[PDB]
Structures are given as C-alpha cells and as structure tokens.
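Visitor: Quick one: structure below, then a few questions.
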Amino acid sequence: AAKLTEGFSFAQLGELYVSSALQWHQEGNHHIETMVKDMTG
Amino acid sequence: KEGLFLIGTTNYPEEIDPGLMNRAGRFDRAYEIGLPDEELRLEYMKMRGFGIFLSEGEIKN
C-alpha cells in the first residue's frame, strides 16, 4: 500500500485509513487496492 | 470535540469554503436535495392535505 500511494498527502493517507478501517470493521474486508483508485479519480 | 455531529446547509454550494469538504473531521459526506419528481410531488400533496378538497384523480392530475 505504501507503494501504490504515490502522490498521496499524509491527510489523504489518513482519509484512506478511516475508509479501509470502516470497511474492515463493518465487513471484515479491506479493499486497499480498490480504494486507492477510488481516491485517485 | 468528542461527540459533535455537524449539519451544514447551503443554497450556494459554489460559495462554500472548499476546505470544508471531503475531510474526515469536517463534513465527510455531502447530499444533494433536489427537486421532486412526479412520484414525490404526489406523495407530498397527499401528506400535505390536498386530499381534503381534491379527488384521487385531481391529485394525480
């Protein structure tokens, strides 16, 4: 995930944290791969 | 803060501070409240009381 997050600000890495955490808490799944792209575009 | 739910409201979203938006910790989601389609317009007229003086057909119309 460190590799795939080129051009991310720390803030955006934090906004990514809440999202993957919420899915992980809600669902038991983290789709890091899916969510970096959703954040790019 | 520890326990505040914020609800902001605007008719002029263009004039919102963009910094308000899409940060967790300050307005994580925005919702557009649009004009009603027919089904919603008809639902409104029913709960509002148009039925007091209009038939089911006059309300559909």
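Residue numbers start at 1 in each chain; chains themselves are named A, B, ... in the order of the structure tokens; ligands are numbered from 1 in the order shown.
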Quick one: residues within 7 Å of stretch 20-22 of chain A, only C-alpha atoms, excluding same-chain residues fewer than 4 positions away - as a count of residues only?

Guide: 5

Visitor: For chain B, work out the contacting residues on chain A at 9 Å, counting only C-alpha atoms, and write them as a ChimeraX atom specification.

Guide: /A:11-12,14-15,18

Visitor: Could those selected residues go to a file with N, CA and C atoms, as a CSV table (one decimal), in the first residue's frame?

Guide:
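So selection.csv came out as:
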chain,number,residue,atom,x,y,z
A,11,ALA,N,-2.6,13.6,4.9
A,11,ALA,CA,-4.0,13.8,5.1
A,11,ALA,C,-4.8,12.7,4.3
A,12,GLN,N,-4.5,12.5,3.0
A,12,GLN,CA,-5.2,11.5,2.2
A,12,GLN,C,-4.9,10.1,2.7
A,14,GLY,N,-4.5,9.5,5.7
A,14,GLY,CA,-5.4,9.4,6.9
A,14,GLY,C,-6.9,9.2,6.4
A,15,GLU,N,-7.3,9.9,5.4
A,15,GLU,CA,-8.7,9.6,4.9
A,15,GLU,C,-8.8,8.2,4.3
A,18,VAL,N,-9.3,5.8,7.5
A,18,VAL,CA,-10.7,5.7,8.0
A,18,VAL,C,-11.5,4.8,7.1

Visitor: Go ahead and compute the interatomic distance for atom CA of residue B:60 and atom CA of residue B:37, in Å to one decimal.

Guide: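 Computed distance, atom CA of residue B:60 to atom CA of residue B:37, equals 12.9 Å.
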
Visitor: Compile the contact shell of residue B:39 as a compact mmCIF listing (two decimals) with N, CA, C and O atoms, in the first residue's frame: residues with an atom at most 12 Å away, counting only C-alpha atoms, same-chain residues fewer than 5 positions apart removed.

Guide:
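In the end it all went to result08.txt:
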# COMPACT_ATOMS: atom_id res chain seq x y z
N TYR B 44 -46.08 14.21 -1.59
CA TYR B 44 -46.17 15.46 -0.83
C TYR B 44 -47.61 15.94 -0.76
O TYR B 44 -48.10 16.30 0.32
N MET B 45 -48.28 15.99 -1.90
CA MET B 45 -49.64 16.51 -1.91
C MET B 45 -50.57 15.69 -1.04
O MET B 45 -51.54 16.23 -0.47
N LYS B 46 -50.30 14.39 -0.90
CA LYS B 46 -51.16 13.56 -0.07
C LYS B 46 -50.96 13.86 1.41
O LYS B 46 -51.93 14.10 2.14
N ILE B 59 -55.69 14.81 -7.75
CA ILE B 59 -54.33 14.87 -7.22
C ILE B 59 -53.34 14.31 -8.23
O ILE B 59 -52.30 14.92 -8.51
N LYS B 60 -53.65 13.14 -8.80
CA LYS B 60 -52.84 12.60 -9.90
C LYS B 60 -52.60 13.65 -10.98
O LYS B 60 -51.48 13.80 -11.49
N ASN B 61 -53.64 14.41 -11.33
CA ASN B 61 -53.51 15.44 -12.35
C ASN B 61 -52.59 16.57 -11.90
O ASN B 61 -51.75 17.04 -12.68

Visitor: Just the number, please: distance in Å from atom CA of residue A:33 to atom CA of residue A:7, one decimal.

Guide: 15.5 Å

Visitor: Could you tell me how far atom CA of residue A:34 sits from atom CA of residue A:10, in Å to one decimal place?

Guide: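 We find that atom CA of residue A:10 and atom CA of residue A:34 lie 18.8 Å from each other.
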
Visitor: Quick one: of A:23, A:36, A:28, A:41, who's nearest to residue A:2, counting only C-alpha atoms?

Guide: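 Looking at the shortest contact to residue A:2, the residue is A:36.
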
Visitor: Fewer than 5 positions away in the same chain doesn't count, so skip those; otherwise give me all residues within 12 Å of residue B:10, counting only C-alpha atoms, as an NGL selection string.

Guide: :B and (15-17 or 30-33)

Visitor: Keeping C-alpha atoms for every residue in the selection just given, could you write it to a file as a compact mmCIF listing (two decimals), in the first residue's frame?

Guide:
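Output contents, as saved in result26.txt:
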# COMPACT_ATOMS: atom_id res chain seq x y z
CA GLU B 15 -19.60 29.80 -2.21
CA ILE B 16 -18.66 27.12 0.37
CA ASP B 17 -15.10 27.00 1.63
CA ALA B 30 -22.45 15.89 1.07
CA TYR B 31 -26.04 15.19 -0.01
CA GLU B 32 -27.92 16.96 -2.78
CA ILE B 33 -31.55 17.83 -2.03

Visitor: Would you return as a PDB file with C-alpha atoms, in the first residue's frame the members of chain A that DSSP assigns to alpha helix (DSSP H) on this structure's backbone?

Guide:
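The resulting file, result_28.pdb, is shown below:
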ATOM      1  CA  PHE A  10      -0.469  12.407   4.787  1.00  0.00           C
ATOM      2  CA  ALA A  11      -4.011  13.768   5.083  1.00  0.00           C
ATOM      3  CA  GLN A  12      -5.164  11.532   2.215  1.00  0.00           C
ATOM      4  CA  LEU A  13      -3.388   8.567   3.762  1.00  0.00           C
ATOM      5  CA  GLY A  14      -5.435   9.380   6.868  1.00  0.00           C
ATOM      6  CA  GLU A  15      -8.664   9.623   4.860  1.00  0.00           C
ATOM      7  CA  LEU A  16      -7.664   6.263   3.383  1.00  0.00           C
ATOM      8  CA  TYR A  17      -7.152   4.894   6.896  1.00  0.00           C
ATOM      9  CA  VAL A  18     -10.709   5.689   8.023  1.00  0.00           C
ATOM     10  CA  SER A  19     -12.175   4.119   4.858  1.00  0.00           C
ATOM     11  CA  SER A  20     -10.289   0.804   4.928  1.00  0.00           C
ATOM     12  CA  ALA A  21     -10.832   0.671   8.697  1.00  0.00           C
ATOM     13  CA  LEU A  22     -14.571   1.215   8.394  1.00  0.00           C
ATOM     14  CA  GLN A  23     -14.926  -1.494   5.739  1.00  0.00           C
ATOM     15  CA  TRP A  24     -12.728  -3.792   7.818  1.00  0.00           C
ATOM     16  CA  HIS A  25     -14.866  -3.108  10.894  1.00  0.00           C
ATOM     17  CA  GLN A  26     -18.183  -3.192   9.006  1.00  0.00           C
ATOM     18  CA  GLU A  27     -17.393  -6.127   6.692  1.00  0.00           C
ATOM     19  CA  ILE A  32      -6.901  -1.125  -0.229  1.00  0.00           C
ATOM     20  CA  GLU A  33      -6.363  -1.909  -3.900  1.00  0.00           C
ATOM     21  CA  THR A  34      -9.911  -0.798  -4.729  1.00  0.00           C
ATOM     22  CA  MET A  35      -9.817   2.345  -2.591  1.00  0.00           C
ATOM     23  CA  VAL A  36      -6.532   3.928  -3.725  1.00  0.00           C
ATOM     24  CA  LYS A  37      -8.045   4.054  -7.218  1.00  0.00           C
ATOM     25  CA  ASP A  38     -11.365   5.427  -5.970  1.00  0.00           C
ATOM     26  CA  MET A  39      -9.311   8.182  -4.297  1.00  0.00           C
ATOM     27  CA  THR A  40      -7.164   8.963  -7.351  1.00  0.00           C
TER      28      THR A  40
END
